[PDB]
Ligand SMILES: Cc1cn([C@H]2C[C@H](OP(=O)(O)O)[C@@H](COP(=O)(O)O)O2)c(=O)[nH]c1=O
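First, one chain by itself in structure tokens, the form deposited without this ligand.
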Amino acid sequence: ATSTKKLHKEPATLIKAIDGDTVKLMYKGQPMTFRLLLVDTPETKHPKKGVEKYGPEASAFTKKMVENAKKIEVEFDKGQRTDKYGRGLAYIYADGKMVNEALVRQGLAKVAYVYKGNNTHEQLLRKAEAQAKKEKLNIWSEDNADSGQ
């Protein structure tokens, strides 16, 4: 299959969901704090209006997928392998489902952009964002932007 997406699936086991977009997984037999590619999850911000504290929601959704997954896989992109603090920046599958998408598809994330290179599914995340926007999901239930949502 000829594709722009010439990446590589790799195994990970859930150790500890750190954030909505940061997760310690076992990779190659060692714990590493992974980073959800193309994902922008909110921290525990304001409990009123705007970009609310949709952090536990995001984190627990990520956590959900990763704890629920018996198989977590990752796929390192062509940009970078490490983000934030050198977290492991990669595509992430949880029981085969894409965490990144699912987080931004849930309305617990926005489409980010990490590094020039790793954005091979950014289209999908922006689409999932916009999907969550159009349906108005979690963050998108807020008037934080209202310029696409």
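Don't overthink the numbering: it's just position in the shown sequence, from 1.
Omitted from view is the form deposited with this ligand bound, to which the following refers.
- Think of it this way: in the deposited complex, this ligand has a heavy atom of just one of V111, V66, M98, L89 within 4.5 Å, and the residue is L89.
- Although the partner is absent from this view, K84 contacts this ligand in the deposited complex, with a non-hydrogen atom inside 4.5 angstroms.
- Although the partner is absent from this view, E52 stays clear of this ligand in the deposited complex, with no non-hydrogen atom inside 4.5 angstroms.
- Taking non-hydrogen atoms only, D40 approaches this ligand to within 4.5 angstroms in the deposited complex.
- Proximity of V104 to this ligand in the deposited complex falls outside the 4.5 Å heavy atom cutoff.
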